[PDB]
Amino acid sequence: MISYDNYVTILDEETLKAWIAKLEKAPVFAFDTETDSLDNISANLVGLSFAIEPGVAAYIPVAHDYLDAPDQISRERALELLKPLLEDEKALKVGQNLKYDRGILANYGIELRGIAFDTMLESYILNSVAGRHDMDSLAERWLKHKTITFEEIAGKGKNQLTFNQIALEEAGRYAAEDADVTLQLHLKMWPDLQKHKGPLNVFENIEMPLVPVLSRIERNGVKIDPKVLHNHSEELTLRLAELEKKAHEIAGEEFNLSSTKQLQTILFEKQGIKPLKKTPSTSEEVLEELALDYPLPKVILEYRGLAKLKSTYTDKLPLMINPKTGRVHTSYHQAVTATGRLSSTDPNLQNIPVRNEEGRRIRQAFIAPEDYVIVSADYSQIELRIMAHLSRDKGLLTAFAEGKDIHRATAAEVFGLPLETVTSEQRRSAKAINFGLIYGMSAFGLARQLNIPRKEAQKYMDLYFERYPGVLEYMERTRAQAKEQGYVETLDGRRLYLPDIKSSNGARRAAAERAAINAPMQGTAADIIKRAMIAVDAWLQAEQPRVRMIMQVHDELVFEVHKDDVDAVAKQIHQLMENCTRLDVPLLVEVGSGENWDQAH
Ligand SMILES: [Zn+2]
Ligand SMILES: [Zn+2]
Ligand SMILES: [Zn+2]
Ligand SMILES: [Zn+2]
């Protein structure tokens, strides 16, 4: 194991000062904080750990307060001695998920600068899909060393200990090992991150600079009106009771709204075709098929939809209000998606229905504080613009070039008719293709979304490829380079490794190919969105305007802008986002404002 002999436990200033001096001259050093909580805004710093060299690390406990805890350097004294080093941009730090530590120090008025390396992001850029990018998985994968787990020193369940309760030396082993391991992981990973300029560029100019901006976004939080969320809940309880009555009324007797059990014996037993509807789902939905004429399945649909949304947002959100800030602080995960896109949880802002009335009501509960307004800056169909560029198709490119609706423009070409006369059915068909292309969907899968027969979908696709040849070429060239080199890249060099590309397996290899076409567009959107965040944050930081970047969901950045600054600020956000990112993709940023996220959205 790791004993109390491996790492020093700093209990006196003199020794801390000695270490600080060595740290000032180290080329890089692993830094890490221990706290009494995962909640960043309310966590108290319990200790700090540093690693100057592999095997040379220390734990500085400052707030262990269990029964008879030995004297420790006070948190304040330790922080005033460490502050210059932490605030020195020239002092390069390495750490596992530094976003977290930057916030903790910020709880003490300390601005963690020199956030050079994050082993989590190191691991993520090298290969996003290689596995989990947490330190335990990292240590094992790269160093064949199994780190002391948090559960090993803290325990489990409700009776788990918070860091300040753990014995100094136990805390020390765990803490100092993390710092040590982090530095080693960096030393193994950093050299590798250089074998390829692409990943290197992404890591250096996209992922790393994003670290403190995510911290800032998460910590700013978002204002949610619990009252509105509650009224919506009550009302929803009423709509569910009514919708259930409407179901019982359409048929006879009572029943749960559970298919393949209660519905089959009702829906098809009163005429309809035997197969149910898998809640497999976004391809086969016999419930909404019947919905265009049959009334019952349509209400079972709307019932369940509201049922999920209520327990998930209406009921959960108010419970997420942080007592300290009175705001909701979402958790962004920077090293989770295969494509490089930021994901979000507690709450998962992306799963809030976009085109739906209830989802719209959810957003209304995201409000701007007094004298501020919510401002939504969105990249209009960036993934489709990226494809226009990646496919070098004069047609699409010109469509975006002259501000025409690419879905109507696409339909006007596929079906061959004036742009003014393209009907809604045509536009919806062209749209299904356009968005079907990004996800690399097969002609049969396109038919499943448009309700047209197979080969009619194919007829639409061949016509598309004929009118938009460069799209097929891009698609063929990407599936090609995916097999040849086992991965695809984004414009910035971000890589998605496709291990099942030459799978010899049917669907598994098919998925790898879909992923091959998709990732370059999704990944590029991801990079751009990240570059805009860094760009906008830099301006926020440098110019200190009356604005807070509060969210990032899908392809939009949401802020709180002071009501009297809305115009100047919107002109400025808009320029940063579409002129200070990639100058190659034809970008457009839709900026909107309102009293809440829905109005600005
Ligand atoms: Zn940490
Ligand atoms: Zn740690
Ligand atoms: Zn998109
Ligand atoms: Zn513009």
# chains A, B, ... in the order shown; residues from 1 in each chain; ligands from 1
call {"tool": "residues_around", "arguments": {"residues": "segment 529-538 of chain A", "least_positions_apart": "5", "cutoff": "7 Å", "atoms": "only C-alpha atoms", "output": "ChimeraX atom specification"}}
result
/A:206,209-210,213,555,573,576-577,580-581
call {"tool": "residues_near_ligand", "arguments": {"ligand": "ligand 3", "cutoff": "9 Å", "atoms": "only C-alpha atoms and all ligand atoms", "output": "VMD selection string"}}
result
chain A and resid 379 to 384 521 to 522 525 to 526 554 to 555
call {"tool": "write_last_selection", "arguments": {"atoms": "N, CA, C and O atoms", "output": "tab-separated table (two decimals), in the first residue's frame"}}
result
chain	number	residue	atom	x	y	z
A	379	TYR	N	-26.02	29.72	-31.97
A	379	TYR	CA	-25.38	29.49	-33.25
A	379	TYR	C	-26.45	28.82	-34.08
A	379	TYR	O	-26.82	27.69	-33.81
A	380	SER	N	-26.98	29.55	-35.06
A	380	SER	CA	-28.03	28.99	-35.90
A	380	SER	C	-27.53	27.87	-36.77
A	380	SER	O	-26.62	28.05	-37.58
A	381	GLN	N	-28.14	26.71	-36.54
A	381	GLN	CA	-27.85	25.45	-37.23
A	381	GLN	C	-26.40	25.35	-37.64
A	381	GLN	O	-26.05	25.26	-38.82
A	382	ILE	N	-25.56	25.43	-36.61
A	382	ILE	CA	-24.13	25.37	-36.74
A	382	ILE	C	-23.71	24.01	-37.33
A	382	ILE	O	-22.96	23.99	-38.29
A	383	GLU	N	-24.29	22.91	-36.85
A	383	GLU	CA	-23.92	21.60	-37.37
A	383	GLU	C	-24.18	21.46	-38.87
A	383	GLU	O	-23.44	20.77	-39.58
A	384	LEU	N	-25.21	22.14	-39.36
A	384	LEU	CA	-25.55	22.09	-40.77
A	384	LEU	C	-24.60	23.03	-41.52
A	384	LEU	O	-24.22	22.75	-42.65
A	521	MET	N	-18.78	16.91	-37.46
A	521	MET	CA	-19.69	18.06	-37.40
A	521	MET	C	-20.05	18.44	-35.97
A	521	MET	O	-19.99	19.60	-35.61
A	522	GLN	N	-20.40	17.45	-35.17
A	522	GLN	CA	-20.76	17.66	-33.77
A	522	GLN	C	-19.53	18.12	-32.97
A	522	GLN	O	-19.61	19.05	-32.15
A	525	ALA	N	-18.74	21.71	-33.77
A	525	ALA	CA	-19.68	22.62	-33.11
A	525	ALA	C	-19.17	22.76	-31.68
A	525	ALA	O	-19.00	23.88	-31.16
A	526	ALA	N	-18.89	21.61	-31.06
A	526	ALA	CA	-18.36	21.57	-29.72
A	526	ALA	C	-17.16	22.50	-29.57
A	526	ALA	O	-17.15	23.37	-28.69
A	554	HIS	N	-26.89	23.00	-25.64
A	554	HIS	CA	-26.91	22.78	-27.07
A	554	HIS	C	-25.92	23.74	-27.74
A	554	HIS	O	-24.73	23.71	-27.41
A	555	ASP	N	-26.39	24.63	-28.61
A	555	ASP	CA	-25.51	25.58	-29.30
A	555	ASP	C	-25.70	27.03	-28.88
A	555	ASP	O	-25.40	27.93	-29.66
call {"tool": "select_by_dssp", "arguments": {"residues": "segment 377-494 of chain A", "states": "strand (DSSP E or B)", "output": "ChimeraX atom specification"}}
result
/A:377-379,487-489
call {"tool": "write_last_selection", "arguments": {"atoms": "N, CA and C atoms", "output": "PDB file, in the first residue's frame"}}
result
ATOM      1  N   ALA A 377     -27.626  33.676 -26.772  1.00  0.00           N
ATOM      2  CA  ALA A 377     -26.852  33.843 -27.997  1.00  0.00           C
ATOM      3  C   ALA A 377     -26.738  32.447 -28.563  1.00  0.00           C
ATOM      4  N   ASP A 378     -27.287  32.248 -29.752  1.00  0.00           N
ATOM      5  CA  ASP A 378     -27.320  30.931 -30.354  1.00  0.00           C
ATOM      6  C   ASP A 378     -26.640  30.861 -31.706  1.00  0.00           C
ATOM      7  N   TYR A 379     -26.017  29.722 -31.972  1.00  0.00           N
ATOM      8  CA  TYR A 379     -25.375  29.491 -33.254  1.00  0.00           C
ATOM      9  C   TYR A 379     -26.448  28.823 -34.085  1.00  0.00           C
ATOM     10  N   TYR A 487      -9.770   6.754 -36.771  1.00  0.00           N
ATOM     11  CA  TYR A 487     -10.368   7.896 -36.077  1.00  0.00           C
ATOM     12  C   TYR A 487     -10.756   9.018 -37.051  1.00  0.00           C
ATOM     13  N   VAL A 488     -11.590   9.942 -36.578  1.00  0.00           N
ATOM     14  CA  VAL A 488     -11.987  11.103 -37.376  1.00  0.00           C
ATOM     15  C   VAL A 488     -11.595  12.339 -36.564  1.00  0.00           C
ATOM     16  N   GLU A 489     -11.392  13.467 -37.232  1.00  0.00           N
ATOM     17  CA  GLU A 489     -11.007  14.684 -36.525  1.00  0.00           C
ATOM     18  C   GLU A 489     -11.977  15.802 -36.787  1.00  0.00           C
TER      19      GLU A 489
END
call {"tool": "residues_near_ligand", "arguments": {"ligand": "ligand 2", "cutoff": "7 Å", "atoms": "only C-alpha atoms and all ligand atoms", "output": "VMD selection string"}}
result
chain A and resid 32 to 34 174 to 175 178 to 179
call {"tool": "residues_near_ligand", "arguments": {"ligand": "ligand 1", "cutoff": "12 Å", "atoms": "only C-alpha atoms and all ligand atoms", "output": "PyMOL selection string"}}
result
chain A and resi 30-35+37-38+40+45-50+94-105+118-120+134-136+150+174-182
call {"tool": "closest_atom_pairs", "arguments": {"of": "chain A", "to": "ligand 4", "cutoff": "9 Å", "atoms": "only C-alpha atoms and all ligand atoms", "output": "tab-separated table"}}
result
residue	atom	partner	partner_atom_place_in_ligand_line	distance
A:571	CA	ligand 4	1 (Zn)	8.8
A:574	CA	ligand 4	1 (Zn)	6.4
A:575	CA	ligand 4	1 (Zn)	6.4
A:577	CA	ligand 4	1 (Zn)	8.9
A:578	CA	ligand 4	1 (Zn)	6.4
A:579	CA	ligand 4	1 (Zn)	7.8
A:587	CA	ligand 4	1 (Zn)	7.9
A:588	CA	ligand 4	1 (Zn)	5.8
A:589	CA	ligand 4	1 (Zn)	6.3
A:590	CA	ligand 4	1 (Zn)	8.3
call {"tool": "write_last_selection", "arguments": {"atoms": "N, CA, C and O atoms", "output": "PDB file, in the first residue's frame"}}
result
ATOM      1  N   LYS A 571     -24.443  43.378 -29.005  1.00  0.00           N
ATOM      2  CA  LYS A 571     -23.655  43.657 -30.204  1.00  0.00           C
ATOM      3  C   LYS A 571     -22.317  42.984 -30.042  1.00  0.00           C
ATOM      4  O   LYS A 571     -21.778  42.402 -30.979  1.00  0.00           O
ATOM      5  N   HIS A 574     -22.435  38.911 -29.729  1.00  0.00           N
ATOM      6  CA  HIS A 574     -22.648  38.543 -31.117  1.00  0.00           C
ATOM      7  C   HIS A 574     -21.362  38.582 -31.956  1.00  0.00           C
ATOM      8  O   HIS A 574     -21.096  37.679 -32.752  1.00  0.00           O
ATOM      9  N   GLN A 575     -20.574  39.633 -31.798  1.00  0.00           N
ATOM     10  CA  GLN A 575     -19.340  39.714 -32.559  1.00  0.00           C
ATOM     11  C   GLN A 575     -18.324  38.677 -32.119  1.00  0.00           C
ATOM     12  O   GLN A 575     -17.712  38.012 -32.956  1.00  0.00           O
ATOM     13  N   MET A 577     -18.817  35.749 -30.609  1.00  0.00           N
ATOM     14  CA  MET A 577     -19.234  34.414 -30.990  1.00  0.00           C
ATOM     15  C   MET A 577     -19.160  34.070 -32.464  1.00  0.00           C
ATOM     16  O   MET A 577     -18.889  32.917 -32.803  1.00  0.00           O
ATOM     17  N   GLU A 578     -19.416  35.022 -33.353  1.00  0.00           N
ATOM     18  CA  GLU A 578     -19.352  34.672 -34.764  1.00  0.00           C
ATOM     19  C   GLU A 578     -18.188  35.260 -35.542  1.00  0.00           C
ATOM     20  O   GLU A 578     -18.077  35.035 -36.750  1.00  0.00           O
ATOM     21  N   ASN A 579     -17.315  35.995 -34.861  1.00  0.00           N
ATOM     22  CA  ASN A 579     -16.168  36.603 -35.529  1.00  0.00           C
ATOM     23  C   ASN A 579     -14.836  36.316 -34.842  1.00  0.00           C
ATOM     24  O   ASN A 579     -13.776  36.501 -35.443  1.00  0.00           O
ATOM     25  N   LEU A 587     -20.666  31.161 -39.998  1.00  0.00           N
ATOM     26  CA  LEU A 587     -21.408  31.249 -38.740  1.00  0.00           C
ATOM     27  C   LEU A 587     -22.404  32.390 -38.645  1.00  0.00           C
ATOM     28  O   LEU A 587     -22.239  33.450 -39.264  1.00  0.00           O
ATOM     29  N   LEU A 588     -23.443  32.138 -37.856  1.00  0.00           N
ATOM     30  CA  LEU A 588     -24.485  33.109 -37.583  1.00  0.00           C
ATOM     31  C   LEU A 588     -24.916  32.925 -36.131  1.00  0.00           C
ATOM     32  O   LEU A 588     -25.195  31.816 -35.685  1.00  0.00           O
ATOM     33  N   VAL A 589     -24.915  34.015 -35.384  1.00  0.00           N
ATOM     34  CA  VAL A 589     -25.321  33.984 -33.990  1.00  0.00           C
ATOM     35  C   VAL A 589     -26.612  34.789 -33.799  1.00  0.00           C
ATOM     36  O   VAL A 589     -26.662  35.987 -34.078  1.00  0.00           O
ATOM     37  N   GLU A 590     -27.662  34.085 -33.393  1.00  0.00           N
ATOM     38  CA  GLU A 590     -28.977  34.649 -33.130  1.00  0.00           C
ATOM     39  C   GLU A 590     -28.970  35.086 -31.673  1.00  0.00           C
ATOM     40  O   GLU A 590     -28.872  34.251 -30.779  1.00  0.00           O
TER      41      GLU A 590
END
call {"tool": "closest_residue", "arguments": {"among": "A:412, A:183, A:91, A:516", "to": "residue 55 of chain A", "atoms": "only C-alpha atoms"}}
result
A:183
call {"tool": "residues_around", "arguments": {"residues": "residue 596 of chain A", "least_positions_apart": "6", "cutoff": "12 Å", "atoms": "only C-alpha atoms", "output": "MDAnalysis selection string"}}
result
chainID A and resid 222:225 228 360:370 372:376 558:561
call {"tool": "atom_distance", "arguments": {"atom1": "atom CA of residue 170 of chain A", "atom2": "atom CA of residue 123 of chain A"}}
result
27.6 Å
call {"tool": "closest_residue", "arguments": {"among": "A:168, A:498, A:85, A:300", "to": "residue 485 of chain A", "atoms": "only C-alpha atoms"}}
result
A:498
call {"tool": "atom_distance", "arguments": {"atom1": "atom CA of residue 294 of chain A", "atom2": "atom CA of residue 258 of chain A"}}
result
17.4 Å
call {"tool": "select_by_dssp", "arguments": {"residues": "segment 235-413 of chain A", "states": "alpha helix (DSSP H)", "output": "ChimeraX atom specification"}}
result
/A:235-250,264-267,286-290,295-309,357-364,382-391,394-401,406-413
call {"tool": "closest_residue", "arguments": {"among": "A:54, A:318, A:84, A:403", "to": "residue 187 of chain A", "atoms": "only C-alpha atoms"}}
result
A:54
call {"tool": "closest_residue", "arguments": {"among": "A:557, A:450, A:568, A:189", "to": "residue 545 of chain A", "atoms": "only C-alpha atoms"}}
result
A:568
call {"tool": "residues_around", "arguments": {"residues": "segment 436-438 of chain A", "least_positions_apart": "5", "cutoff": "9 Å", "atoms": "only C-alpha atoms", "output": "ChimeraX atom specification"}}
result
/A:383-384,387,431,443,445-446,471,475,514,517-519,521-522
call {"tool": "write_last_selection", "arguments": {"atoms": "N, CA and C atoms", "output": "short mmCIF file (atom, residue, chain, number, x, y, z; two decimals), in the first residue's frame"}}
result
data_model
loop_
_atom_site.label_atom_id
_atom_site.label_comp_id
_atom_site.auth_asym_id
_atom_site.auth_seq_id
_atom_site.Cartn_x
_atom_site.Cartn_y
_atom_site.Cartn_z
N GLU A 383 -24.29 22.91 -36.85
CA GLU A 383 -23.92 21.60 -37.37
C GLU A 383 -24.18 21.46 -38.87
N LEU A 384 -25.21 22.14 -39.36
CA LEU A 384 -25.55 22.09 -40.77
C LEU A 384 -24.60 23.03 -41.52
N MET A 387 -21.31 21.22 -41.91
CA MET A 387 -21.40 20.23 -42.99
C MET A 387 -21.29 20.93 -44.34
N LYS A 431 -35.72 18.88 -44.55
CA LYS A 431 -35.21 19.02 -43.19
C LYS A 431 -34.81 17.64 -42.63
N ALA A 443 -31.29 5.49 -45.40
CA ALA A 443 -32.54 5.80 -46.11
C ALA A 443 -33.79 5.17 -45.50
N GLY A 445 -34.08 4.58 -42.24
CA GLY A 445 -34.27 5.34 -41.01
C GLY A 445 -34.90 6.70 -41.26
N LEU A 446 -34.65 7.25 -42.45
CA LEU A 446 -35.21 8.55 -42.86
C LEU A 446 -36.70 8.35 -43.16
N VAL A 471 -21.61 16.50 -50.52
CA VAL A 471 -22.05 15.94 -49.26
C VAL A 471 -21.75 14.45 -49.24
N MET A 475 -19.07 12.49 -47.02
CA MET A 475 -19.47 11.29 -46.31
C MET A 475 -18.66 10.07 -46.64
N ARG A 514 -21.51 5.61 -38.63
CA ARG A 514 -22.42 6.73 -38.41
C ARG A 514 -21.65 7.74 -37.59
N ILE A 517 -19.18 9.94 -39.49
CA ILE A 517 -19.70 11.08 -40.24
C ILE A 517 -20.17 12.21 -39.33
N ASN A 518 -20.81 11.82 -38.23
CA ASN A 518 -21.35 12.73 -37.23
C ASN A 518 -20.32 13.52 -36.45
N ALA A 519 -19.40 12.81 -35.80
CA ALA A 519 -18.38 13.43 -34.96
C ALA A 519 -17.66 14.62 -35.55
N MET A 521 -18.78 16.91 -37.46
CA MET A 521 -19.69 18.06 -37.40
C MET A 521 -20.05 18.44 -35.97
N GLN A 522 -20.40 17.45 -35.17
CA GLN A 522 -20.76 17.66 -33.77
C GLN A 522 -19.53 18.12 -32.97
#
call {"tool": "closest_residue", "arguments": {"among": "A:281, A:126, A:358, A:27", "to": "residue 198 of chain A", "atoms": "only C-alpha atoms"}}
result
A:126
call {"tool": "closest_residue", "arguments": {"among": "A:13, A:131, A:528, A:76", "to": "residue 341 of chain A", "atoms": "only C-alpha atoms"}}
result
A:528
call {"tool": "atom_distance", "arguments": {"atom1": "atom CA of residue 29 of chain A", "atom2": "atom CA of residue 92 of chain A"}}
result
6.5 Å
